[PDB]
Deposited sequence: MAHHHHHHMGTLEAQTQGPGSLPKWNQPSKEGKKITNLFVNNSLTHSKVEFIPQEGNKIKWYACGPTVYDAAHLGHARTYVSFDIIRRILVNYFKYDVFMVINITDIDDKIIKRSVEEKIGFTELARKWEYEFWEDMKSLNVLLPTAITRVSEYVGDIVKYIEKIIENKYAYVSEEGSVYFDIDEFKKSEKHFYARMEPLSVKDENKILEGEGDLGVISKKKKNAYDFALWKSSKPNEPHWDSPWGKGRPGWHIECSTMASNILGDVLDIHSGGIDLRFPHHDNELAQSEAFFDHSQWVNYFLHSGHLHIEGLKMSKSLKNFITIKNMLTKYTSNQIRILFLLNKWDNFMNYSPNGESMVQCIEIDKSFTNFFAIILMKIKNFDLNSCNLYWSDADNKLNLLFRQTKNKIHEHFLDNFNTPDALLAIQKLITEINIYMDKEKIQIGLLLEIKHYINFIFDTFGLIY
């Protein structure tokens, strides 16, 4: 009566003892690759009909940070796919209102989305998969689900996922992550894989008649084609966990007729503003472009570094939440300023380099900080505590650079380590 989860075997895998909050187990579990040190990762992308806002930035920056930790810090090999939903009810509606083609609208806002991601120093994925370029593959994917008897065709030419038939199989469970969230249909919970199109909507040919992909089928199709029958990581905001992500699991399990398409499903918490999710529907949003006319990429990234990725966060506007971010950014700027100059202007001809007790004490705190930050990253990507550890180290380095005769090589190594962590955070100084 309750979904089971199979932890990957550790034999032959890279083992870091990283633990992650897995929505499939609703618990922190040890992260174990399916193969070697490889991570196949699919993340749901935006629906490109309007500008992106600070809530979208929170999800994509948080998972950018996680990806940098996985790759730059732990040395996993990440193969990442992000889709672009450039066919959608919202795009169609917006495009008639503005009297422009569906493709021209979608391409503009896809362009602005990637520009906003680049402005926030978010890395592009390995592959970008647009629905409009995968419609043929989606049709073939649906044909296989029908052939496995997990979907049916209505008279109008739609295709619906057959929840009851899927559940019946002992190898399949429907709504693995939110079990409790559950006329032409067998049962009302059945969802469309293929929607019969009105003659005035954009549409594509199919064995069942002119139509469009359903809301969820594109993500199973694209991830399955490129990454295959087992994903190490699948990610998105928490609102997508059900119906969207649970439905992806059902579609993909039905396609491959197996029991676990995704090993680790990661859900970022929502950014709220004045207690409510930042949302285009609520008209309480701040565009990323507007945010960047007031704050820098570094300051915005610090905002997200200070909030655990899988917890919700409150954003207080009019600069309230950003006060701390600006202070931290300023302290990092001034630290780098001093250490860079002290290194550049250091004179080996006239210095004394005896390794003193003050040098030893700073070095001990330095190596200790490396170990604290390691534990924070293993603890479900705990960037708030890792950032605080960096701040504490910087406080002591600043004292050391002011009074003690300075060990040039120790400061260079410290600068390189803090640079390494800031690269992992996505900060640029």
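Gaps between the deposited sequence and the modelled coordinates occur at 1-20, 203-219, listed in sequence order.
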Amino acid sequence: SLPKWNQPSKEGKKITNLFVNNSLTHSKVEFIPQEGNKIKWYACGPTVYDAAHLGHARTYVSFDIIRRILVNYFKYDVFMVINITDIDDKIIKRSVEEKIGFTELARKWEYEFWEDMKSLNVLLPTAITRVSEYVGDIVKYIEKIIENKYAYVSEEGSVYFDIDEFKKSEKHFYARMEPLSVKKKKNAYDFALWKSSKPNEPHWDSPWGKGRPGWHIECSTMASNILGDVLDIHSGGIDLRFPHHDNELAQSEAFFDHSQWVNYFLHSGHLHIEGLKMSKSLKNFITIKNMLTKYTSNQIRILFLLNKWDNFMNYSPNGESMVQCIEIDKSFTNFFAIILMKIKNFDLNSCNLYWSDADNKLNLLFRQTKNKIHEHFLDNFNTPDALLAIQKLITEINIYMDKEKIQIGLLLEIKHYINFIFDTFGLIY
From here on, numbers count along this sequence of modelled residues.
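So that the term is clear: the rigid core is the largest set of C-alpha atoms that superpose within 1.5 Å between two forms.
Root-mean-square C-alpha deviation from the shown form, taken over all structures in 9 other deposited structures of this protein superposed by the rigid core, is larger for 276-284 than for the alternative among 276-284 and 243-251.
Averaged as a root mean square over residues and superposed structures in 9 other deposited structures of this protein, CA distances to the shown form are larger in 343-351; the pair compared was 122-130 and 343-351 with a core fit. Among the other PDB entries of this protein that were compared and that flank it with modelled residues, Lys183 is left unmodelled in a third or more. For the pair 418-426 and 1-9, the record assigns the higher mean C-alpha temperature factor to 1-9. The PDB entry reports B-factors from which the mean C-alpha value can be compared for 329-337 and 89-97; the larger average falls on 89-97. Within the group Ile146, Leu124, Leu348, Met278, the record's highest C-alpha temperature factor is found at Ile146. Highest CA B-factor among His267, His245, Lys168, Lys75, as stated in the entry: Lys168. Remark: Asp402 belongs to the highest third of its chain, ranked by C-alpha B-factor as recorded. When all modelled residues of the chain are sorted by CA temperature factor, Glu320 is found within the middle third.
The PDB entry assigns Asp310 a C-alpha temperature factor belonging to the middle third of its chain's modelled residues.
In the deposited entry, the Cα temperature factor of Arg301 places it in the lowest third of its chain's modelled residues. When the modelled residues of the chain are ordered by C-alpha B-factor, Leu193 sits in the highest third.
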